[PDB]
Every structure is written in C-alpha cells, then in structure tokens.
Amino acid sequence: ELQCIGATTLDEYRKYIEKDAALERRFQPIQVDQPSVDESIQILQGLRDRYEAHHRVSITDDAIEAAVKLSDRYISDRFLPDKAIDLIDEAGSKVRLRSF
Amino acid sequence: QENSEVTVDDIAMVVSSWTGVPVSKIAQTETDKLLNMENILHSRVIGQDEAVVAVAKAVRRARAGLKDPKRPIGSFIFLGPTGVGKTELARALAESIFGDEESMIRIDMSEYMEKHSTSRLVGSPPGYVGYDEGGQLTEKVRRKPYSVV
Amino acid sequence: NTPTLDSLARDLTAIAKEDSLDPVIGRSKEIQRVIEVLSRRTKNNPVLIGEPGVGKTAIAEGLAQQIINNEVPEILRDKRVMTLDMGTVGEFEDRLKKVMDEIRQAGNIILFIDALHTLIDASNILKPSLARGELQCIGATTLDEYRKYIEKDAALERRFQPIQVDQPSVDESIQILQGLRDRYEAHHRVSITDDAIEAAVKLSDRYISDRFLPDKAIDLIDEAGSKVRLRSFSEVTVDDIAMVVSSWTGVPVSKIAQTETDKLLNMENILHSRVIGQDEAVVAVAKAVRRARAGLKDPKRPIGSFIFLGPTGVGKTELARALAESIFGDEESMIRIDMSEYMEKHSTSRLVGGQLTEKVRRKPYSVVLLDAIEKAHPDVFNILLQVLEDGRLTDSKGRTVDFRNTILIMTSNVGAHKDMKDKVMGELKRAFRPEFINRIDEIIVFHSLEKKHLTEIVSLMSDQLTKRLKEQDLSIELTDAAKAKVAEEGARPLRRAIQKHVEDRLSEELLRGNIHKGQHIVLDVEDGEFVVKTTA
Amino acid sequence: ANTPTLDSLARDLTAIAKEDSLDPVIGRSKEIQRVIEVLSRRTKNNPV
Ligand SMILES: Nc1ncnc2c1ncn2[C@@H]1O[C@H](COP(=O)(O)OP(=O)(O)OP(=O)(O)O)[C@@H](O)[C@H]1O
Ligand SMILES: Nc1ncnc2c1ncn2[C@@H]1O[C@H](COP(=O)(O)OP(=O)(O)O)[C@@H](O)[C@H]1O
C-alpha cells in the first residue's frame, strides 16, 4: 500500500537488515556500484558547474581528470565520486582563500 | 498486443539484474567474444597455451547453457615455476570477463597459516567479538556471486 | 488465607475435587519417588527432569490425586498443591510478598513450578524464602536447564533434588492412551478403536520424532478425533491416523501403510538394479539385512556392520545411497562421516558435537556410512567399536543416544579372488583388533572394478546428461556407437571424458550457431568420430 | 452481536473477501485442513 525507497550501506545491511530476515523480504535490493573513472569524470563536470558558482573560480577539465585519477590512486580508503568532489571542493576553498 | 509477451527473456533479465550472474540470451559482441576469449587471453598471457585453452573451455561451457551441475563453474590448480603466469592468467581472465580485473576476489591463502585464522573465511561464531563483520570471503561472494575467486 | 494466593494461581486439589484431569496411567513408581523426596527434610523439594511433553506435570497432577486419596502418608497429609500465574499477579512484588505471608500462615502448601529455570523477578523473594524454609515446591524443567540451575549450586544445590522422568515405553503408551482415550472420544462424540491407538503410537515413535511420548500419540488421537468429526459434520481407524501423519510429516500415506513387511521384497530388486557391478555384493547385503531386520535377531544391536572393501570409488557410496533409499527411502537417510578428517586422536572432541551424534539425534531412522575408517585412530576406533556393540554413544552431555534402526557401514581399502579373499582378513586382523571384526553383520567385498558394467554406468551417465536437458530444454541422444567410442577408455573417472567429448564440443558448436533449441541432437559415430545432427 | 467496537480497530479478512480483494491461494489444502482440525481441538485448540 505504501511505496517506499530504502537506502542502507552494505555494512548496515549485513549487520542489521539481514539480521531481521522478514522486513528484508519486504524490500527489494538494488546494488549501486561505484562509477568507473570516466563516469566519475562526467559526474564531476556536471557538478563542476555548481562548485564554480559557489567558490567563484573555474575548474579546468584536466583539473577534473587529474582529480578523478589521483583520488582513485592515492586515497584508497573511500569511494568515488565522493572522493573526487571532495578534492574539487577542497581546491575551490583553497583557491578562494588564496584570493586573500 | 505484441507487448503483452512477458517471456523467458524478461525473467532472465530481471534475474541477471537482481543477482549479478548473467543468465540471459547472450548476443553478438559476446559469442564472438567467448569464441575469441582464447585469443584475448593468449594476448595478455604469452605462452602457456594449454591453460588458457582449458579456462576458456570451462567459461564457454558454463556460458553456453551447459554445466548442468549445481557445482561451481570451474576449479583449477595452477602449478609451475615462479614468474610463469599462474597469477597473471587469473588476472587476465577476470579482466576479460569483467574489466579492470578489480572485481576479482583475491584471497592470499598464504596468510591463513594459523589454525584459527580459518575464522576469517567463514566469520566468527555468534556472540564472539567480530561477529557482525564476519566473512572476509563469504561476504565477498554474497556481494558479487558471479566473480573469479 | 486462600484469597490472595488463590488469586495468584488455581489450586490443583481444587481440580482434583471432581478429578477433572484424567487419572495418570502408571508412573506409580516415579510418584512414589516424589513422595520419598517430599518426605525428606534436608533436600525435600524436588525438580522433575525430562524432555517436553513426556508428562512431567502429569506426575504432579497424579500426585495431587494421590494426595486427595490416602496413598500419601500422614506428614504430607493436608497439602494443597498449587501453581503460579505470573500474569495475573511496582505492585507484583507486593502481591507476591503477600503470597509469602500466606505461605508462612499455613505450612501445608506444596507449591508447583513449571519452567523453574526461567522463574529463578520472583527469585528475589523465592530463593530467600527457600533458605528460610516452608516453601516446599516441585520443579519441572529439562535436563540442560537443570544444569543451568545447578550452576547455582552455592545456595540451590543443597535444597533441590533431581528426579529423572523419561518417555513411557512404546508398549506402556498403549495402556496410557487406552486409559485416557475415553475423555477425547467423549469430547468429540466419537469412539476410538484400540488398533487405531496402537497404530498411532507406532507411527508416532517412528515417523515424526520431533516431539516425545506420549505427547505425539495423544496429539494424533485428538487430530483424528477432530478430522473424523468434521468429516461427519463416527469411528476413527488406522486409515485416518496414517492420513493425519502424512499431513504432518509430508510422506505419502501409502509409504506409511504398506511398507511394513513387503518392502523387503522390493529392496533386493532395487539393490540388484540400482548400481552396476558388485553383483554378489548386492546378493550378500540383501541376504544379510533380511537375516537381521526380517529375522528375530540382534534386538539390542543396530542392523549391523558392513565393512565395504575393495577399490575406493567404484560404487560403495552409491550402493550405500541405494540401500538407504531402499529400506528407508528419501535418499536422505544416509549420514556420512569422513574419517579422513578424524586422522587426529583429538578429533573425537568434535564428536563430544556437530557430527554423527547430532545427526542421529535429529533422526534415529537413518543410515550411517563411515568412509576412510582406516584413517581413524584407536581411540575413535574404540568409540565406534562400543557403538557397534550397542550403538549407545554418549557425547557432550552423557546423552544415551540410541541406535535402534540405524545402519553402520564402514568403508575403506585394505585390498588396494581367493588370494584376495584371504588377504582381506589378513590386513583386517593385521590392521586393527579382531574383536571389531567379530562384531560382524556382513562384510561386502568387491574386487573387480572394470567390466561391461562400467560401460553401462556411462550409458546411465549419458542418460543423466539427457535428463537435465529434458529438464531445462534440449533433445540430446547419444548413439551407442558414440557411447562406445567414449567408453573405449586405466582410471575410472570417465565422466570427465564425457564432459570433454560431448558437453564441451557441443557447447562450442552451439555457441556459433550450428545448433539451436528445440532440436533432437543426435551424437553418433559415423566414420569413427563424433558427429552432431538435429532432428527436432 | 454485531459489535462495531472491534472492526473499528482490527482488519477483517472475511469482510474483505466479501468484495473479493484477497488474492486467491493455490494449493495448501493440507495445511488449511490442518488449521481447521486444530481449530476443532481441545488439548491444543489455538494454531500457530
Ligand atoms: N607467460 C607470460 N606472459 C606474459 N607475462 C608474464 C608471463 N609469465 C609471467 N609474466 C609476468 O610476470 C608478472 C606476474 O607473473 P605471475 O605473478 O603470474 O607469476 P607467478 O607464478 O604468480 O609468481 P609467483 O610464483 O610469485 O606466484 C607480470 O609482470 C607478468 O607480465
Ligand atoms: N503416565 C501418564 N498417564 C496419563 N497421562 C499422561 C501420562 N504422561 C503424560 N500424560 C499426558 O500428557 C499430557 C500433558 O503432558 P505434560 O505433563 O503437560 O508435558 P510436560 O511434562 O512437558 O509439561 C496430559 O494430557 C497427560 O494426560
């Protein structure tokens, strides 16, 4: 009767929902995989628009490619594209501060 | 009309989406691939012609609708000298099967030398510390059932 | 002061006034034991240990009955047996302390407690009131929960007392029911024939195994006495009981019915034609089980030992499974214990345990197979030897597990004709003690492993490959010329070659289009070589 | 009889099956008949 959309991490799933075994049955799982490098680049551009508008700087395309690939390589403790946009916003704040 | 034809293909699609395993009617860009998979491997891994033959054979039979058993797709023991490909072949295979070869389940069994480390393949018994995050291997297969352990 | 504690729970003598409860059948010795312990002054208040549904509370009820009568001696005379309603009683402590005041008022209130472990909340004033005294009560728990209790031995072992209460005999249960069949037949306005009662007991002790006597049989009687009633809107019989058991467990009523003394005829046919080869072997074992099971012999032991000898990997496990299906069915009666894992003299620890003990605990109606027994050790060997003596193993709790209708079949390779007929005993008496041999039921030995029989197996295997396709979809047929081409193969695992020649080749050729679904795929040797065609 | 004090609070299956909303159950005649029997019993009346 009521349409729902749930969202848990794998960890909470195994630990909590899987434990229930009845409510789990009610819902329908859908795996969302981390984007590859290229998909991450496109996501990063779409968001680059807003991040530019908020920091008031302009983020190069190759800047974003480097953010994606670097953060794929030298962070390896959290996932994309959260990593990449975190770097992008870091850099934006850093540059705006560098304006002062 | 024609659209009122929920057929085997559509159940196959909702399965292969639900569980990661690819049960459906394979098409071009796949059959050509599965046939040429021997050549893909023998590109990535040089020499060692015999192995890639048997691995490609098993992947094909499994993917061709054969492999009636409820037992796993394949089971190989690669022996030989060092620096020959016993790991490179598996990396090539997981890469050609999926891409990036990073979906491959890699378990360095050289780490489970102890008697009790056998815990972290199956988890830690209920109640005991680490019970929730259990299954260094099992959770990896329940995450992605169609992979190369 | 009756008001408060009667508001706590109803008295048993109140029921015994008109004796609403059925008079319990037998248990007179056990009730006498209860009277003994209640007569004592140090450890007077007992606790009845037994499985659920065995009728432990029935013993307390019959006790209240013998209390109303004069069977009870004088010191225990004038004693009201009550119980406890935890529901009907911030304030529950006040009411319970009031109950304790009334216990102090009249020292003639033998209380009763079911599920005593989960009760001692109330312990806060019960366990103290036990120490002071005059709370003489009775306890009804299980065994393991009694262990959980005695783990409070500090203040509770001194006072309590164990009274093991166990299943009535499969015979005794008949008189139990015959005594109490009256009440239900009155309730449902039917009548219960005594053959129906004995049949219900004989199907309860065998085909359900989940619960215990007499609970099993009483439940069956009541389910029949309601089914027949609803069928009318008269007399219940074996037919209804077989039907309700079939509804319970899910086995077919026919298999419940006919297989008592005629399945033994079909068994030898099944053995003779379920595995290929081992001709004299099926003759041997078939003769054997007819000697034991059909025969009036070996009442204490199980069906008996069958040490399978010869080359491992020729049909031993398959003969075992075929026999399992034969005598008991389901292909699930066979339990396997890989004695190669027991290559350690401590491994018996996991027996004393997630091993054969739990397996026979779950179903005492089954087959058991021990493979690579040679890999065992003299300690686990002595274990299985005293088992084969009586089946009674006792692991992790002293559980006197019974081996009633189990099969003990050991498998190994000491061989590895008449010269072999001698060497087998040679390496038996030379590899372990002769007494274990002397606990023989029969010894099954097959030496030859290669014959035309082998080719037949391959045919069977080909059939299996066709089966799974008729399952999903295909129409494979292996022409016997191709079957012989494959079979012309040394080593036994020819299915691998089947896979190679047929399954692979066909999959490669099907992937590229030379085959499509819904086609009669004949594989044949036309020139001395595999040829595929489709007929649809 | 005819008490609106509970249907106000519970959900009546049968009154729903009046207007035929519940999806039909196929098979399970054995289990339904067993619920019926147990429902007509004195030792253990309540089914679970
Ligand atoms: N036949 C081959 N073709 C191409 N590269 C190879 C081959 N054999 C080994 N290599 C190279 O060896 C490296 C990895 O070899 P691999 O790890 O498979 O050897 P290995 O047998 O796993 O070694 P180890 O004995 O330490 O397990 C890669 O650089 C790979 O290019
Ligand atoms: N010896 C017996 N004579 C008559 N009835 C018995 C006997 N043993 C068990 N019963 C029956 O068992 C039923 C209840 O068993 P109960 O004592 O409640 O099981 P548990 O001991 O697990 O609580 C009663 O209907 C009782 O008549």
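Counting starts from 1 on each chain and goes along its sequence as written, which need not follow the entry numbering; residues with no coordinates are hidden. A letter from A marks each chain and a number from 1 marks each ligand, given out in the order of writing. Shown here is a subset of chains from a larger assembly, with all values computed for this subset only. Side-chain metrics in this entry use all non-hydrogen atoms of the structure; hydrogen atoms and water are not considered.

J.: Would you take a moment to explain the overall build of chain B for this structure?
T.: Along the backbone of chain B there are six helices and zero strands. Listing every helix and strand of chain B by position from the N terminus yields α-α-α-α-α-α. Put simply, the radius of gyration uses C-alpha atoms, and a globule should come to 2.2 Å times the residue count raised to 0.38. Taken over C-alpha atoms, the radius of gyration comes to 19 Å for chain B, far larger than the 15 Å a tight globule of 149 residues would show. Its C-alpha atoms give chain B principal-axis dimensions of roughly 60 × 45 × 30 Å. Secondary structure is summarised from DSSP: a helix means a run of H or I of at least four residues, a strand means a run of E of at least two, and numbering begins at the N terminus for each.

J.: What exactly am I supposed to notice about unusual backbone geometry here?
T.: Across residues other than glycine, the phi torsion is negative in most instances, and most of the peptide bonds are trans. The step from A:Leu80 to A:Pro81 runs through a cis peptide bond, and the omega angle for that step is 0°. Within the secondary structure, A:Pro81 sits in the loop between α4 (61-73) and α5 (82-98). Positive phi values are uncommon outside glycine, yet C:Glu134 reaches one of about 65°. Of note, C:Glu134 is situated in the loop between α7 (123-132) and β3 (137-141). Any residue under 20% of the maximum accessible area for its type is buried, any over 50% is exposed, and the rest in between are partly exposed; the area is computed with a 1.4 Å probe on protein chains only. Judged by relative accessible area, which is 54%, C:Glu134 ranks as exposed. Of note, C:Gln278 is a non-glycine position whose phi angle comes to about 45°, a positive value.

J.: So what exactly am I meant to see when it comes to the sheet that holds strand β12 (residues 475-478) of chain C here?
T.: Remark on secondary structure: sheet strands pair via backbone hydrogen bonds, oriented parallel or antiparallel. All names here are of chain C. In short, DSSP must find at least two bridges between two strands for them to pair. Pairing within the open sheet is mixed, and its three strands lie in the order β12-β13-β14. The open sheet terminates on both sides in strands that have one partner only, identified here as β12 and β14 (530-534). Along the sheet, successive strands turn relative to each other by an average axial angle of 20°, direction set aside. As paired strands, β12 and strand β13 (residues 520-525) are joined by four bridges and run parallel to one another. Paired with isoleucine 476 across the strands is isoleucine 521, a residue of β13. The axes used here are C-alpha line fits, helices contributing only the stretch in contact, and every angle between their N-to-C directions lies in the interval 0 to 180 degrees.

J.: How should I be thinking about the interface of chain C and chain B in this particular structure?
T.: As a measure of interface size, the accessible area lost when the parts come together is often cited. Facing twelve residues of chain C, the contacting portion of chain B comprises twelve residues. By buried area we mean how much accessible surface two parts lose on assembly, using a 1.4 Å probe and totalling the loss over both. For the chain C and chain B pair, buried surface summed over both sides reaches about 1,200 Å², with 62% attributable to carbon and sulfur atoms. Summed over the three residues of chain C that lose the most area to chain B, namely C:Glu503, C:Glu508 and C:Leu511, the buried surface amounts to 47% of that side. The salt bridge criterion pairs a side-chain nitrogen of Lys or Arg with a carboxyl oxygen of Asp or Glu, the two atoms within 4 Å. Where chain C meets chain B, there are four salt bridges. For the salt bridge of B:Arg61 with C:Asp504, the shortest nitrogen-to-oxygen distance reads 2.9 Å. Whenever two N or O atoms come within 3.5 Å, that pair is a polar contact, provided that in protein one can donate a hydrogen and the other can accept it, and provided that, for residues adjacent in sequence, both atoms are side-chain atoms. Between chain C and chain B we count four residue pairs in polar contact in total. Sorting the residues of the side of chain C that touches chain B by element identifies α22 (452-471) and α24 (495-511) of chain C as the ones contributing at least two each. The biggest single contributor to the side of chain C that touches chain B is α24(C), with eight residues. Note on residue categories: nonpolar means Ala, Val, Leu, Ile, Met, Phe, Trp, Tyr, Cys or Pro, charged means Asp, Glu, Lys or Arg, and polar means any other residue, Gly included. Residues belonging to the side of chain C that touches chain B are distributed by class as follows: four nonpolar, three polar and five charged. Here, residues are in contact when the closest pair of their heavy atoms is within 4.5 Å.

J.: Looking at this structure, how should I read the sheet that holds strand β2 (residues 111-114) of chain C?
T.: All names here are of chain C. With parallel pairing, the four strands of this open sheet are ordered in space as β2-β3-β1-β4. Strands with a single pairing partner mark the edges of an open sheet, and in this sheet they are β2 and β4 (162-164). Taking each pair of neighbouring strands and ignoring which way they run, the sheet shows an average axis angle of 20°. As defined by bridge partners, β2 adjoins β3 across four bridges and the pair is classed as parallel. Opposite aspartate 114, over in β3, you have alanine 140 as the bridge partner.

J.: So what exactly am I meant to see when it comes to the site of ligand 2 here?
T.: Residue and element names in this part refer to chain C. Throughout this document, a residue counts as near a molecule or strand when at least one of its heavy atoms sits within 4 Å of that molecule or strand. Surrounding ligand 2, one finds 14 residues, the nearest of these being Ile25, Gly53, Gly55, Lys56 and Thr57. Within the contact set of ligand 2, an oxygen atom lies 2.3 Å away from a backbone nitrogen or oxygen of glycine 53. When ligand 2 sits alone it has 560 Å² of accessible area, and the protein chains cover 82% of it. In terms of residue count, helix α4 (residues 56-68) provides more of the shell around ligand 2 than any other element does, three residues in total. Of the residues that constitute the shell around ligand 2, the class distribution is eight nonpolar, three polar and three charged. Surface accessibility in these figures is a Shrake-Rupley result with a 1.4 Å probe; residues are shielded only by whichever protein chains are displayed.

J.: What is the right way to read the interface of chain C and chain D from this model?
T.: Opposite the 13 residues of chain C that make contact, chain D presents eleven residues. The junction of chain C with chain D conceals about 1,200 Å² of combined surface from both sides, 45% of it contributed by carbon and sulfur atoms. Contact with chain D buries area across many residues of chain C, yet C:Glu223, C:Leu230 and C:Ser247 alone supply 34% of it, more than any other trio. If you look at where chain C meets chain D, you find five salt bridges. Between the two partners, chain C and chain D, sit four residue pairs in polar contact. Every element with two or more residues in the side of chain C that touches chain D is listed here: α10 (172-188), α12 (215-232) and α13 (238-249) of chain C. Per-element accounting of the side of chain C that touches chain D gives the leading share, seven residues, to α12(C).

J.: Explain the arrangement of the chains to me, please; I cannot follow it from the model alone.
T.: Out of three pairs of chains that touch, the pair holding the most contacts is chains C and D. Spatially, chain A and chain C are disjoint, and the shortest separation between their C-alpha atoms is 23 Å. At their nearest point, the C-alpha atoms of chain B and chain D are still 21 Å apart, with no contact between the two.

J.: Please clarify how the packing of α12(C) against α13(C) should be interpreted in this entry.
T.: Packed helix pairs are specified by the crossing angle of their axes together with the interaxial distance, meaning the distance between the axes. Residue and element names in this part refer to chain C. Two elements in contact, α12 and α13, have axes whose closest approach is 9 Å; the angle formed by their N-to-C orientations is 110°. When the axes of α12 and α13 are compared, the pair comes out roughly perpendicular. For the pair α12 and α13, contact is made by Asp219, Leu220, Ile221, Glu223, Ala224, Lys227, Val228 and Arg231 and by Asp240, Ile241, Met243, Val244, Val245 and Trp248, respectively. Looking at side-chain class alone, the contact of α12 with α13 contains nine nonpolar, no polar and five charged residues. Relative orientations are named as follows: roughly parallel for angles under 35 degrees, roughly antiparallel for angles over 145 degrees, roughly perpendicular for angles from 65 to 115 degrees, and oblique for any other angle.

J.: Explain the side chain of C:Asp222 here, please?
T.: By the secondary structure assignment, C:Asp222 is in helix α12. The buried category is assigned to C:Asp222, whose relative accessible area is 0%. There is a polar contact of 3.3 Å between the side chain of C:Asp222 and the side chain of D:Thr43. Not counting residues within four places of it along the chain, the set of residues in contact with C:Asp222 comprises C:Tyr184, C:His188, D:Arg41, D:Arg42 and D:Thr43.

J.: Could you clarify how one ought to interpret a nonpolar patch on the surface in this entry?
T.: Together, C:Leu230, D:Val25, D:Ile32 and D:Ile36 make up an exposed nonpolar region whose accessible area comes to about 360 Å². Along the polypeptide, D:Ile32 turns up in helix α2 (residues 29-39). Judged by its relative accessible area of 46%, D:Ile32 is partly exposed. Each patch groups residues whose relative accessible area exceeds 30% and which form no salt bridge, using 9 Å between like charges and 5 Å between nonpolar side chains of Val, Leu, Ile, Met, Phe, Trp and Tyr.

J.: I keep staring at the packing of aromatic side chains and nothing clicks. Help me out?
T.: For any pair of aromatic rings, geometry is given as the distance between the ring centres together with the angle between the planes. Only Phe, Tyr and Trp rings take part, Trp by its six-membered ring, and two of them pair if their centres are within 6.5 Å. Stacked means planes under 30 degrees apart, edge-to-face means over 60, and tilted covers everything else. Inspection of the entire model under this criterion finds eight aromatic pairs over all chains. Each ring, one from C:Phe381 and one from C:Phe432, has its centre 5.3 Å from the other, and the planes form 45°; the classification is tilted. Of the residues examined, C:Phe381 reaches a relative accessible area of 8% and is grouped as buried. Counting every residue linked through ring pairs, the aromatic cluster contains C:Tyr207, C:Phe328 and C:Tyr365. By definition here, charges over rings are those cases where NZ of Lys or CZ of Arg is within 6 Å of the ring centre and within 35 degrees of the ring normal. It is B:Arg120 that lies over the ring of B:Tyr112; its NZ or CZ is 5.2 Å from the centre. Above the plane of the ring of B:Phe98 lies B:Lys144, whose end atom (NZ or CZ) is 5.4 Å from the centre.

J.: Explanation requested: the environment of C:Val414 in the structure shown.
T.: All names here are of chain C. Assignment of secondary structure puts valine 414 in the loop between β10 (408-411) and α20 (418-431). Linking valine 414 and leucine 369, residues 45 residues apart in sequence, is a C-alpha distance of 17 Å. Among all residues touching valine 414, those that are not within four sequence positions of it are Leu309, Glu374, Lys423, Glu427 and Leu428.

J.: So what exactly am I meant to see when it comes to the site of ligand 1 here?
T.: Residue and element names in this part refer to chain B. Looking at ligand 1, the residues that line it are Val45, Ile46, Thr82, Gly83, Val84, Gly85, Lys86, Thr87 and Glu88. Between ligand 1 and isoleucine 46 there is a distance of 2.4 Å, counted from a nitrogen atom to a backbone nitrogen or oxygen. The backbone of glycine 85 places a nitrogen or oxygen atom 3.4 Å from an oxygen atom of ligand 1. Compared with its free state, where it exposes 620 Å², ligand 1 has 55% of that area covered by protein. Classifying every residue of the shell around ligand 1 by side-chain character gives three nonpolar, four polar and two charged.

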